[PDB]
Amino acid sequence: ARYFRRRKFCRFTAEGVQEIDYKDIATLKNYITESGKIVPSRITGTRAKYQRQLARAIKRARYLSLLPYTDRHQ
Amino acid sequence: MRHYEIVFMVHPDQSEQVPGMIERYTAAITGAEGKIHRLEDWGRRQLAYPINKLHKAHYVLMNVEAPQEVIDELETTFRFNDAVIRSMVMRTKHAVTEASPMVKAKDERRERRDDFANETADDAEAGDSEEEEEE
Amino acid sequence: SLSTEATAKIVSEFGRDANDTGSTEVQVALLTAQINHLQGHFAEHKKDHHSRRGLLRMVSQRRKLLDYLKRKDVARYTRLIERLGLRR
Amino acid sequence: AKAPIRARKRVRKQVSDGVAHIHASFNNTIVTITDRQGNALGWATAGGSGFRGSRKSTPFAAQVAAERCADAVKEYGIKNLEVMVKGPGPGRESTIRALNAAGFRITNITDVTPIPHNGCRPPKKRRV
Amino acid sequence: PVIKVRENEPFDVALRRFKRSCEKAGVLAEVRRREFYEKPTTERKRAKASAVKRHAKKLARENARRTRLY
RNA sequence: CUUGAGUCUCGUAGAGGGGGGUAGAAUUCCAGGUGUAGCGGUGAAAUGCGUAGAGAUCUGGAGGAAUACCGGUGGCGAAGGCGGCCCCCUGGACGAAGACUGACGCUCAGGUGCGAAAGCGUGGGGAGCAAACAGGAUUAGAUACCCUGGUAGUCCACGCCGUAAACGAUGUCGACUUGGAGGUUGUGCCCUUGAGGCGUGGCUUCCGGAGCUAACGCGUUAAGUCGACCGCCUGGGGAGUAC
């Protein structure tokens, strides 16, 4: 049936998690290792818009201490 | 006007200062015909790494619109604020003032996982629970 | 890009009485307000070279459309240059 | 350097616990045991295992360095150790293994190998 | 250099394969060589070049059969 | 006239420019504590640094360049050019409706304006690395090769001629030429079922058909089909200097 618009598993095989928002910690940790750093966008099969915009939103999130900045912080 | 999504945190012991400061900053936004489009208090949270020392800070997402002229004076005042440890404000382009990614986690904080203590009573006095001095 | 309130003032005073933005007289006036704001910036910021590219566009078109306007009605020209108070 | 010593019984402060820092370089490993409040309780090295040269800078020379530092602090009365590691150098696993053979528990194996935000410019080295 | 990604059940040997995904790369990988400002865009960013190899490796199995070389 | 170009309000995407703000981390450094024998370099090694107590570690501070992995064949500029994150000032580009002027066009001798990098005048700033300079190491001998010490330099602000490898290994822009798909983006629609599809625009790019090339290569953004105008070449060496 028409207009269902983003039920599940639909638009993309890997879901876009955020766009440019960074205030929830859990959407951000969707692509952040236990070492405390981003997985490459070729590996994740993420959509480019959300990733390009994440490069600003993660630097932001590290700077507001929602995330570890650095390997030393375990 | 243009939209600037400010989020900030405040040093625990110094949190009693912000409840006076917030009511001038909001008068400088609505006195210029801007709006405060949510004003969400997050409660006390644990820093991952310290910022200006101490492992704790008290979280506020204000969610502003104001003309470009006014926010420039108001941000330089917040950054040289001793109460604020850090703030980040995000770009205008394609920016949301509704439908919070953290909407459930904000309610959870407030309901069940907060401090329930006097420095985080002050944080809510600068939060949605605003108590403010007369002008 | 111009403030809303200038763009309507420019529309009331310049072009035709249809209140358009496309005619030669009001486009000259729309470039001028963007030039005028910029020469105020260009008292300093003397290494700001990618924006200067723009300055030179807005000046070059202003020269051209005034040259056009003297190729067209001499009435429209003689009014425009005096109603928009241009050059020194 | 280390000696082939008779069995040990001696007292200093009977501390029971410590934190360790393992400082890994390109030529060497430096292994240094400290108190949990932060005071040096002893060290060893891989050049002090007298392999010398490049030969000082291998998983086995690093090993013998950790077992060395671990030996002397038994007079400090340590019974458990925990570790921080800071560097890319050799002794990757073989140094943590050496600490563990000294009969210690080693439940917290903390990588702290430091990422500066693009720190100081390096010697250029070879033209490739 | 035990690698920060934590091993299932703690032990004296770090399990250095099962941990790495994106570590060293770009930050500590060009170690003891001279550091540039904008070079990385053309020195290091070789993702396009590497996708064509991922496509050729998955294509040939099927084609080796189809030519009848298998 | 619109078929060229131009322009108003809305939306969108990006490391464009210029000025402000800001956090944490290794080297490094200062202060105090703890503590013993090498530390450092490489092919291996010596110079170098240390027992006059080095090296390393804890706590606190100092200081400056810098800020990744995200960052992609991406995207922005005019060729070169642009990368932490945020605000102020401001350019340029992409979409869409309502709507407007109507060749206002192309190219450009002269021209004014403007830098990758270092060079460069003074102020501010110096953490690290380094031309030179010392010494080791190398050996047909070693200024090259290779290493250690180590300064100006690199960093910011204005200012001076804008230098080269100023590029799809296309002068410019413009008109026309089977397309498909990627990278990736306005936006209508989808089970909103591959960084996906279709509808209708987008740059940017792979693939290959016509044509073109000596060959690589280009291919609808040409290096095809041509169009106008400017810059510039006429064998090498000596000379990109001389004048």
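Residues numbered from 1 in each chain as written, not as in the entry; some residues may be left out. Chains lettered and ligands numbered in written order. Part of a larger assembly, values for the part shown. Heavy atoms only, no water.

- Determination of this PDB entry was carried out by cryo-EM to a resolution of 11.5 Å, according to the record.

- Per the PDB entry, chain D goes by 30S ribosomal protein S11 and derives from Escherichia coli.
- As recorded by UniProt, the Function comment attached to chain D reads in full: "Located on the platform of the 30S subunit, it bridges several disparate RNA helices of the 16S rRNA. Forms part of the Shine-Dalgarno cleft in the 70S ribosome (By similarity)."
- We quote the UniProt Sequence similarities comment for chain D here in full: "Belongs to the universal ribosomal protein uS11 family." (UniProt positions renumbered as here; feature names shortened; annotations may be inferred.)

- Chain C is annotated in the PDB entry as 30S ribosomal protein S15 from Escherichia coli.
- Per UniProt, chain C has the following entry under Subunit: "Part of the 30S ribosomal subunit. Forms a bridge to the 50S subunit in the 70S ribosome, contacting the 23S rRNA."
- Of chain C, the UniProt comment under Sequence similarities reads exactly: "Belongs to the universal ribosomal protein uS15 family."

## Focus: the interface of chain E and chain D
How big an interface is tends to be expressed through the accessible area that disappears when the partners come together.
Piece 1. Counting residues at the interface gives 20 residues for chain E, matched by 27 residues for chain D.
Piece 2. Contact with chain D buries area across many residues of chain E, yet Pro-1, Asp-12 and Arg-32 of chain E alone supply 35% of it, more than any other trio.
Piece 3. The tally of links from chain E across to chain D stands at one salt bridge.
Piece 4. In terms of residue class, the side of chain E that touches chain D is made up of ten nonpolar, no polar and ten charged. (Contact = heavy atoms within 4.5 Å. Buried area = accessible area lost by both parts, 1.4 Å probe. Salt bridge = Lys/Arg side-chain N within 4 Å of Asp/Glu carboxyl O. Nonpolar A, V, L, I, M, F, W, Y, C, P; charged D, E, K, R; others polar.)

## Brief notes about the interface of chain A and chain B
Piece 1. Every contact between the two is made by 19 residues of chain A and, on the other side, 26 residues of chain B.
Piece 2. Buried surface at the junction of chain A and chain B, both sides included, amounts to about 2000 Å², of which 62% is carbon and sulfur.
Piece 3. Considering only the side of chain A, the residues that lose the most area to chain B are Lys-23, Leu-64 and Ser-65 of chain A, jointly responsible for 34% of the buried surface there.
Piece 4. Between chain A and chain B we count zero salt bridges in total.
Piece 5. Summed over the shared surface of chain A and chain B, the result is five residue pairs in polar contact.
Piece 6. If one sorts the elements of the side of chain A that touches chain B by residue count, helix α3 (residues 48-63) of chain A sits on top with five residues.
Piece 7. When its residues are assigned to classes, the side of chain A that touches chain B shows nine nonpolar, two polar and eight charged. (Polar contact = N/O pair within 3.5 Å; in protein donor to acceptor, adjacent residues only side chain to side chain. Helix = DSSP H or I, 4+ residues; strand = E, 2+ residues; numbered from the N terminus.)

## Brief notes about the environment of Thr-110 of chain D
Piece 1. Tracing the chain through its elements places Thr-110 of chain D in strand β7 (residues 109-111).
Piece 2. Taking C-alpha positions, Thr-110 of chain D is 8.3 Å from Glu-82 of chain D, a pair spaced 28 residues apart along the chain.
Piece 3. Setting aside residues no more than four positions away along its own chain, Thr-110 of chain D makes contact with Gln-74 of chain A together with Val-83, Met-84 and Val-85 of chain D.

## A short note on the protein's contact with RNA strand F
Piece 1. Taken together, 135 residues sit near RNA strand F, with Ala-1 and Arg-60 of chain A, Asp-48 and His-50 of chain C together with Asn-118 of chain D positioned nearest.
Piece 2. Restricting attention to atoms of RNA strand F within 4 Å of the protein, one finds that 71% of them are sugar or phosphate atoms.
Piece 3. Contact between RNA strand F and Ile-38 of chain A: a sugar or linking oxygen at 3.3 Å from a main-chain N or O atom of the residue.
Piece 4. Contacts to RNA strand F include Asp-48 of chain C, whose side-chain N or O atom sits 2.8 Å from a sugar or linking oxygen.
Piece 5. Looking at which element gives the most residues to the surface near RNA strand F, the answer is α3 of chain A, with 13 residues.
Piece 6. Within the surface near RNA strand F, the residues separate by chemical class into 44 nonpolar, 43 polar and 48 charged. (Near = heavy atom within 4 Å.)

## Points about the packing of aromatic side chains
Piece 1. Counted according to the given criterion, the structure contains five aromatic pairs over all chains.
Piece 2. Look at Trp-42 of chain B and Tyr-59 of chain B: their rings are 5.6 Å apart centre to centre, the planes differ by 10°, and that puts the pair in the stacked class. Taken together, the positions of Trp-42 of chain B in strand β3 (residues 40-46) and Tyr-59 of chain B in strand β4 (residues 56-61) put the pair 17 residues apart, joining distant regions of the chain.
Piece 3. Among the residues examined, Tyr-59 of chain B registers a relative accessible area of 0% and is labelled buried.
Piece 4. Among the aromatic residues, those joined into a ring-pair cluster are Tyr-63 and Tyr-69 of chain A together with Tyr-49 of chain B.
Piece 5. Note that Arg-60 of chain A overlies the ring of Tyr-22 of chain A, its terminal NZ or CZ placed 4.9 Å from the centroid.
Piece 6. Over the ring of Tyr-70 of chain E we find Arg-65 of chain E, and its NZ or CZ is 4.7 Å from the ring centre. (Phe/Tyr/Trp six-rings, centres within 6.5 Å; stacked < 30°, edge-to-face > 60°. Buried < 20%, exposed > 50% of the residue type's maximum accessible area, 1.4 Å probe, protein only. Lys NZ or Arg CZ within 6 Å of the ring centre and 35° of its normal.)

## Remarks on the pattern of salt bridges
Piece 1. Tallied over the full model, the rule gives 20 salt bridges over all chains.
Piece 2. Between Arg-6 of chain A and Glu-15 of chain A there is a salt bridge, and its shortest N-O distance comes to 3.5 Å.
Piece 3. For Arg-6 of chain A, a relative accessible area of 44% translates into the label partly exposed.
Piece 4. Across the pair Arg-44 of chain B and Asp-115 of chain B runs a salt bridge whose closest N-O atoms are separated by 2.9 Å.

## Section: the arrangement of the chains
Piece 1. Ranked by contact count, the leading pair among the four pairs of chains in contact consists of chains A and B.
Piece 2. You won't find any contact between chain A and chain C; their C-alpha atoms come no closer than 24 Å.
Piece 3. Without any contact between them, chain B and chain C keep their closest C-alpha atoms 12 Å apart.

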